[PDB]
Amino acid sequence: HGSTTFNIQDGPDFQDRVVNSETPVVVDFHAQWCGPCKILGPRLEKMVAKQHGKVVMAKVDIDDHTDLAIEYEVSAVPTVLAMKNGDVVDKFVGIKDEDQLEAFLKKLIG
């Protein structure tokens, strides 16, 4: 569990690394068939990586983990949730630029 950016591997994996996380979490709902995920994905990844443990990123492939999309009421991809202490505390849908992502992550972190 060394990396701040990680693919969610199952149901238990989500409960331990997101719902019971000790840091704030960005949750990226994505799919292989969605163009804008290939841009937003790496962009947010590098931005979260630069924070060195102040925020983590849980990537959720919507095709691999259709239950999590159902639970979190994801209606479209890309969907990113900010989570803290189990609670959803912010959300966007779609592509954001680097100034936008910085603003989102500073609002979450403090």
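Note that residue numbering begins at 1 and tracks the sequence as displayed.
Judged by mean Cα B factor in the deposited record, 17-25 ranks above the other of 82-90 and 17-25. The stretch with the higher mean CA B factor, choosing between 49-57 and 62-70, is 62-70. Split the chain's modelled residues into thirds by C-alpha temperature factor. Residue 77 is in the highest one.
Annotation for residue 43: CA B-factor lies in the lowest third of the chain's modelled residues.
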